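This report refers to the structure that appears directly beneath it.
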Amino acid sequence: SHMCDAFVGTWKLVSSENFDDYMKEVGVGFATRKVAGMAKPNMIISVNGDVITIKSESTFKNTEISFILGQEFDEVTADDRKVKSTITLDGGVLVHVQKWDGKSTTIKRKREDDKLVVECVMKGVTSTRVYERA
Ligand SMILES: C[C@H]1[C@H]2C[C@@H]([C@@H]1C(=O)O)[C@@H]1C(c3ccc(Cl)cc3)=NO[C@H]21
């Protein structure tokens, strides 16, 4: 057993708060915000050795990242930003920092009860997205 065991699995979005405002702060345009905000993604997390894979699948977009903790990688986000990403484990929380155009956002994934809670922060704006097992 290991590092991310309690994250592995297939998760479905069940609630969201402040996500439109978060996306505005990030710079996402109107039409993408509307369509992305309607999506109810499945988040599929798996581990093979040191490599973690996170897939996000929805009617809007399918994304996939694979990474090693602490090791920067280039990512194309669902809104087509070209970012440089680093994901670490900090006290049992997966902390994902995205850097682009002198900007930064941080996405935290934590296990809380039977949920996987996501907190997305861009300057002063936080969005909370709650996922349950599918
Ligand atoms: C786990 C969350 C994280 C990643 C994705 C996901 C989610 O719940 O979809 C979402 C996101 C994002 C940004 C722009 C667009 Cl257009 C769509 C998603 N930024 O942060 C959150």
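In the structure tokens, chains take letters A, B, ... by order of appearance, with residues numbered from 1 within each chain and ligands from 1 in the order shown.
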Fewer than 6 positions away in the same chain doesn't count, so skip those; otherwise give me all residues within 8 Å of segment 4-7 of chain A, counting only C-alpha atoms, as a PyMOL selection string.
chain A and resi 45+47+111+116
Atoms kept (N, CA and C atoms) for selection, written as a PDB file, in the first residue's frame:
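Result written to result.pdb:
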```pdb
ATOM      1  N   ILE A  45      -8.445   8.486 -10.884  1.00  0.00           N
ATOM      2  CA  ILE A  45      -7.085   8.589 -10.329  1.00  0.00           C
ATOM      3  C   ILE A  45      -6.520   7.159 -10.217  1.00  0.00           C
ATOM      4  N   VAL A  47      -2.513   4.840  -9.947  1.00  0.00           N
ATOM      5  CA  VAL A  47      -1.109   4.867  -9.667  1.00  0.00           C
ATOM      6  C   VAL A  47      -0.482   3.619 -10.213  1.00  0.00           C
ATOM      7  N   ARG A 111      -8.862  13.886   0.954  1.00  0.00           N
ATOM      8  CA  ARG A 111      -9.895  12.935   1.344  1.00  0.00           C
ATOM      9  C   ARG A 111     -10.465  13.418   2.672  1.00  0.00           C
ATOM     10  N   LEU A 116     -13.860  13.220  -1.842  1.00  0.00           N
ATOM     11  CA  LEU A 116     -12.650  13.827  -2.278  1.00  0.00           C
ATOM     12  C   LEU A 116     -12.982  15.306  -2.523  1.00  0.00           C
TER      13      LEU A 116
END
```
DSSP-assigned strand (DSSP E) among segment 38-115 of chain A, expressed as a VMD selection string
chain A and resid 42 to 48 51 to 57 62 to 67 73 to 76 82 to 90 93 to 100 103 to 112 115
Would you pick out the contacts of residue 67 of chain A at 7 Å or less, using only C-alpha atoms, so that residues sharing its chain but fewer than 4 positions from it are not included, and give the list as a PDB file with C-alpha atoms, in the first residue's frame?
```pdb
ATOM      1  CA  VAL A  51       3.511   7.519 -11.806  1.00  0.00           C
ATOM      2  CA  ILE A  52       0.153   9.011 -10.872  1.00  0.00           C
ATOM      3  CA  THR A  53      -2.481   9.508 -13.589  1.00  0.00           C
TER       4      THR A  53
END
```
Find, counting only C-alpha atoms, the residue in A:3, A:14, A:28, A:122 that gets nearest to residue 50 of chain A.
A:3
At a cut-off of 7 Å, using only C-alpha atoms, what residues contact residue 117 of chain A? Leave out same-chain residues fewer than 6 positions from it and give the result as a ChimeraX atom specification.
/A:109-111,129-131
Mind listing the residues within 10 Å of ligand 1, only C-alpha atoms and all ligand atoms counted, as a count of residues only?
60
Contact residues around residue 82 of chain A with only C-alpha atoms at 9 Å, ignoring same-chain residues under 4 positions, as an MDAnalysis selection string:
chainID A and resid 74:77 99:100
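When only C-alpha atoms are used to measure the gap to residue 123 of chain A, the shortest distance among A:8, A:21, A:92, A:49 belongs to A:21.
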